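A single chain, nothing else alongside it, follows as structure tokens in the form deposited in one PDB entry.
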């Protein structure tokens, strides 16, 4: 009833507010409007405009797949954080409906979103350790204890997302962000997310092909289990230093994903038996037989105990990939 009235109050200005307001407004995104969720990102006279009220840091340094994530400062408060830029014409409402209102240590905090012309600017906490995707490139591949340790947190955030019937859509190293000392890991980027009740309908952008579950490829119906397949492709990447499939096959990868057996051949043979068995359970081609988020987190927490807890230095020494 009053619903439609509240949306109208939000349109056309930028305000301090709360996640439910941000999602109300975000649903209308298919001049300068938006809601900021934290006291250190403040609008000025109904506006929040890039280079006026917030500046990107220095010569531009991008950091996502598309170089669309930047460091930024709020000009008035001096606060710093991260912007992801999204083209308004391709903006998926779920990128903010599916994550506004969340609160979880395993999930990157959302600071707001402001539309400004053709840009949806999405603001979040800046985590200084960078992405697990970078960590892997820097260090070659990760010690088994570290890889399990991060995989467990990733599954911890997938637990949170899943029992709220949210599917992240693109679990992968590039979307886990590490704290400054490397001890805390959090999921970012909901641009592939999907609220729950085939994936190949609607505003659907597909996720990273190498981490793509077999049901996702063959068109079949999809539930939270596709995240688990991905997290284990991520695991292999952490261990081997490269994505599954990229070695053995050259052509259109999604064809091999549906015909071939799950890529457990790529599990390092020096992994303790419970590492290997857990990677296998989250890589069952049929989502019914595949482990859930809660099962695999438990299973991985114990695999971590079996190899003596986490002992490797966070930025230890380089390790040659496969």
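Residues that one form lacks are left out of the comparison. Positions refer to the first chain, counted from 1. Basically, rigid core = biggest C-alpha set you can superpose within 1.5 Å across the two forms.
Another form, the form deposited in another entry, is not on view; read the next lines as being about it.
Peer 1: Any idea which of 61, 44, 264, 258 has its C-alpha shifted 2 Å or more between the shown form and the other one with the rigid core fixed?
Peer 2: The listed residue whose C-alpha shifts by at least 2 Å is 61.
Peer 1: Can you confirm the direction of the Cα distance change for residue 127 and residue 61 in that other deposited form, closer or farther than in this form, given it is 3 Å or more?
Peer 2: So the answer is closer.
Peer 1: How does the CA gap of residue 133 and residue 65 change in that other deposited form versus this form, closer or farther, if it moves 3 angstroms or more?
Peer 2: Compared with the shown chain, residue 133-residue 65 is farther in that other deposited form.
Peer 1: Looking only at residues in both forms, which consecutive runs of at least three have C-alphas displaced 2 Å or more between the shown form and the other one after fitting the rigid core?
Peer 2: Runs shifting 2 Å or more: 58-67, 203-205.
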